[PDB]
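Every read-out reported here was derived from the displayed coordinates using simple, explicitly stated rules and does not represent laboratory data. Note: ideal-geometry Cβ built from the backbone for every residue, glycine included; neighbour counts use all protein chains shown.
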Ligand SMILES: [Fe+3]
Ligand SMILES: [Fe+3]
Ligand SMILES: [Fe+3]
Ligand SMILES: [Fe+3]
């Protein structure tokens, strides 16, 4: 059969990832322009929301050194690939867990609908990638919203998950933080309530 | 040392096993003579019983594509190897779980006592072999009855199981179905209450 | 792929083949029982005929050291496999060409029709095998009769020969020798009017 | 020495070549545009002619599954490489032999004169490529015209053929078909009158 | 009735695929976590059904006629069933199932976009003869996509079930075809750790058994656990 | 009009199959007995048709749609056409024909007992792109018996025709599939004396180009005669 | 906005390190037990951020000046980013981080007794050029002890993060230095099962790129998942 060049193998980000990708968090001086957790400027169209969560290991303990990267469409279901601090909305962002509380946050807008390759619409979702010491290759996942039951019930991606009980691990819970709309998405890397992780 | 010809290696039955071994079930037209789940004709001597159960995976989810084969003695404790649809009793049968409900059923008679190689009686039991997609080599088990407590206590086979708590996994629970004597036997392949499987 | 044991390789019969298979011809004393050129006893049923012919090489020269074997059905179109000198008719015979004239002769009866494997009748024919010095592996051919045009035209074997002109090389020409019904079949190994040779 | 990548090796076109390159002939439905045997439209400049011939094997038997490709200059001695069904003239065409009669025909104009690489005029000619089952690598030949004896005698290509007698094999014989100027050009792949084939 | 006169060679559990083989995704949740409990052989284990009296139909083993002609490469699949001591296993049941030429199965759960074949069912059964021989006539199955990794394809294969002399000998396996480049890439094949064991599942082209101008043939011999008499027990 | 500006590397007639290869029976009577006559390249030999303006149908290259869906293994057949210098051959004509999944051809003269497929024709055509690339979508053909020796079988194959820049480069060939065990037994394949030459005709399984849960893919690159500029002529 | 026009070659999860690699302790509790669920590629997966408009400072890629002179081995680390088909990946984000010359990291959680270098930060970033080239100037990092087994030491290394064309291609890896005897003993390195994959992580001494009497150089090329256009979808 035909073989191409092999892809460079992954390695863990390690415990000091913050020095390279999360300056402030590493508690080091930042540069002029940094890629961080604010996807939308206050004047961005759409429903402004706060996202927050914790990451758990197989012993049910908090993962305090995690690093997450997110990718989502704007409120009109469009992917904004030209990253710029001047934009009112960026589809890409970064966050990390507090070495203390071990909680991450992100400021964005509820994403609009996008269709799959076959032209079927997918429920509003946020694409997540998780990195950390002990993780040899980053884990991919999706965050869906509990207030979109209708759409979720029909997602071509959620429906690829064999056991309905497993699907529920991808649904963020609508809540309020300081009387502001929020959704909590906890990730359980291993064990009971283990989060669904994708290959693609 | 001496080495014989190696045995042909096993492979999983796959999700479509029904097409070849449980025609009706696959929802396909059947042949004149099929090996099915009715070991005994209403007129076979012995106590007519109904067996039923569900199969669970390590996540506690139903295994809806399972295939099972059974072998048991007649009421006199005799193994009837000459398979014939004309016989009042056949020691061999097949069943499978509903793609829906996930439960199998079998119509037979309670087996009589058989002695082990050393002349010690074993409690009444039914030999079961389990096949399904994800199962590379079939799992062997035995079904004993809860109403044979006295006999169960003395089974040389049951006694080979080190931990008494594990022994319990092999005992079917007597009930009634449409006022008929039935026994429920669930199989847990993995985890909590994992069913004992044998090597011989 | 599966490979069986290999067949022993053929070799030319050489110039002295007569010594082992055509004793008289070699001009040596014969044994009590010999396999020769008289397939039918005067009283064998069917039409008694005489076959004769010559064999030519690629330069158009007579092959005076050929040896031939024949196999044919009886008048009822039946193969008589149990060779016996007592039989009225034998389906097998042997002949050779004169070191002088270069001609062979056979005394037989016109064969009956037999069906091919598909159940289609073949035109009456004699199967022939030719051996001689210079021939590494024997040549297979068939002799057909010019007075059976109707049958000939329908023969599933004759019909396998691509070019109709070639088919003709297989037809014996009826004649008469001493008022007896005879057929002449000349074989041309190579060149102009080369005889059709088969593989089976 | 220096070695470049090797050219893909040729293989026989086989007996079903028509299905791919002579749709009509295979007697299959054709597509909107097909490459066929009419190089010139009624209104193309030059002398309109009909080309026809047969192809013989070494046994003097017709080859009824032959496939031919032709390349020629227009009446002005120009090669028209931009193939278009709208053109009044195309330098390229295709033809094939009748599964029945085994004769091909082509409708074109008599080509004008073209010079060879040294600047020397070549007699009027049509470049032919022959394909068929039994032919491992296609045969290259040229068709010259008997009414161009003067030009023919001076052709630097024709003159490369050592034996004058072989040269004759390349000359098409002028005739008339339904009062149309026609030339017959028979090809003899092997034997007596074997047509000259080129390598370039 | 059945008699306890035989013993069967112990199975080599390192030769067969293990239960837990991660690359085969479904095996994760469907493999036991506790070790198997070894038990001595008794009449319960050393006996099994004999199907000599099952009423088999005339075309049970001919997939070409048992469901027009199917579309695909016509092939005969034949071989012999023997034990580890090399003794033939006569009058034993051989069951087989497979997809059609396009890799589509005649089962509700099969949603692959390849069409069903109006003339193909895909099920056969044959009782071995006196000499342990079996034979089937069918069409070569096509490979097919399956939801394991994102681009997994099973190599063309035929599913097999063999009964043998006892429940101790019963086996389910798969036949693969000689030279198929998908073989070494399949997570299911790979559930088998010894490559030498993999070789045992590859049917060889058998030109000697083919019917000229008709159909090709493949040879696939099956080895069941060695059967011996009890001694000094 | 066309112009004489190129020279083509001379063919290696020891690489290509010879004319007379007696195991391939039909070649006996259809091979010349005299030597080929060598002639220098002129405008006649160094030019050829350009098919850039042929009006190709939308599905000319998709054998799944160009004739219901055909039964068989769905595959993409793709590759690149380059010269011996490794230079791509852009906008060149590529034509192909093959049998159906069962070895049956849609042609009058084919009486093989395997049935025709009502949804399959077996012909395609494609113009190479700027980079020399072509692709076809079809089903994998079945091997088939032919009257040569008493039990001869062609390996599964696709017939190909390639134009290239001139009549000197035009070529007809056949594509074989990786691992087919019939390959080594074929008298046609064997018309080629060099084993290395045979390898060039084998298409490799190309998992990178496959469409998950849809169809597999094979890669087949074609090499035409090297084209150079004339110099010091 | 971004559009779904590409497909990415499927990852080889046997080439990359597996999730559970016990010698690397932390991996035990931070690895899923369930199998990954494979999904078809969509616009969500085939697109990603383009960083062409990020405002990079003038010394973003120069660790010698971006935090006097740091103490340690002056080196240039350079190379090219390509895809599996060999195609350059222009204007992509390359980010790196490492320890100082004595193995100490400028991070609060780093309690190693080797001291910090008052002139060194250990962070760099560079966008690739039109040809896929990137370059950094720094000091060679020292090895460092870590709490895994009782005497484990990381070989000298530089952490790398690369964006590529989509979220599908994004990768985090580590570069090692040619000849370091610590390489073969590292449980992290060893998470990679194929020694051939290991070699892809070793930067090679590049005397050709060195600045005489100034600094040495290392070459480290990166390969991202092959990018192809959809076809017959
Ligand atoms: Fe580190
Ligand atoms: Fe299957
Ligand atoms: Fe001798
Ligand atoms: Fe063909």
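In this assembly of identical copies, the label point of residue C:88 (Cα plus 7 Å along Cα-to-Cβ) is separated from its counterparts by 6.5, 8.7, 11.5 nm, sorted shortest first. Mean projected area of the convex hull spanned by the Cα atoms of chain B, taken over all viewing directions: 13.9 nm².
Averaged over the residues of peptide D:129-139, the number of Cβ atoms from other protein chains lying within 10 Å of each residue's Cβ is 6.
With respect to the axis relating copies E and G by rotation, the chain E residue whose beta carbon is closest, plus that distance in Å, is E:33, 6. Sorted shortest first, the separations between the residue E:116 label point and its copies elsewhere in the assembly read 2.6, 7.3 nm; each point sits 7 Å from Cα along the Cα-to-Cβ line. Summarising the label geometry, the points placed 7 Å from Cα in the beta-carbon direction at residue F:5 and residue C:186 lie 6.6 nm from one another.
Placing a label point 7 Å from the Cα of residue F:18 along the Cα-to-Cβ direction, the residues of the range D:125-160 whose backbone N falls under 18 Å from that point are D:134-139. Using all pairs of distinct alpha-carbon atoms, the Kirkwood hydrodynamic radius of the protein assembly as shown works out to 38.6 angstrom.
Could you pull out which residues in the range C:172-200 have an amide N less than 15 Å from a spot 7 Å beyond the Cα of residue F:147, following the Cα-Cβ vector? C:196-200, by backbone N distance to the label point. Label-to-label distance for residue D:178 and residue C:23 is 7.6 nm, based on points extended 7 Å past Cα in the beta-carbon direction. Most simply put, the range E:13-159 has about 95% antiparallel DSSP beta bridges, counting only bridges with both residues inside it.
Across chain C, C-alpha contacts under 8 Å between residues 6 or more apart give a mean separation that, scaled by the residue count, equals a relative contact order of 24 percent.
Computed from the C-beta positions of residue D:87 and residue C:166 and an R0 of 45 Å, the FRET efficiency is 0.45 to the nearest 0.05. Computed per residue of chain E from DSSP H runs no shorter than four, each worth -39500 (n - 2.57), the mean residue ellipticity at 222 nm is -500 deg cm²/dmol. Across the copies of the chain, residue D:193 has label points (7 Å from Cα along Cα→Cβ) spaced 2.2, 9.4, 9.5 nm apart, shortest distance listed first.
Per residue of A:55-61, other chain Cβ atoms within 10 Å of the residue Cβ number 3 on average. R0 = 56 Å: FRET efficiency of residue G:180 with residue F:130, Cβ-based, nearest 0.05? After rounding to 0.05, the efficiency reads 0.75. Computed over the range E:161-233, the alpha-carbon pair-distance distribution with 5 angstrom bins reads 3, 12, 18, 17, 17, 13, 10, 5, 3, 1, 0, 0, each value a whole percent.
Between B:32, B:43, B:74, the GNM of chain B built on Cα springs shorter than 10 angstrom shows B:32 fluctuating the most.
Distance distribution P(r), the range E:62-110, all Cα-Cα pairs, bin width 5 angstrom from 0: 4, 13, 21, 20, 13, 12, 11, 6, 1 percent.
Under conditions of 25 °C and 0.890 mPa s, the range E:1-131 yields 129 µm² s⁻¹ as its translational diffusion coefficient, taking Rh as the Kirkwood radius over Cα pairs in the Stokes-Einstein equation. Beta bridges from DSSP with both residues in the protein assembly as shown: antiparallel share about 75 percent, rounded to the nearest 5. Estimated purely from DSSP H runs of n ≥ 4, each contributing -39500 (n - 2.57), the mean residue ellipticity at 222 nm for chain B is -1500 deg cm²/dmol once divided by its residues. Volume of the convex hull of chain G (Cα atoms only), normalised per residue: 158 Å³. The rotation axis that maps chain C onto chain A passes nearest to the beta carbon of this chain C residue, listed with its distance in whole angstrom: C:1, 11.
Treating r as the C-beta distance of residue D:115 and residue C:194 and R0 as 41 Å, the FRET efficiency rounds to 0.30.
Across peptide D:23-30, the average count of Cβ atoms from other chains found within 10 Å of a residue's Cβ is 3.
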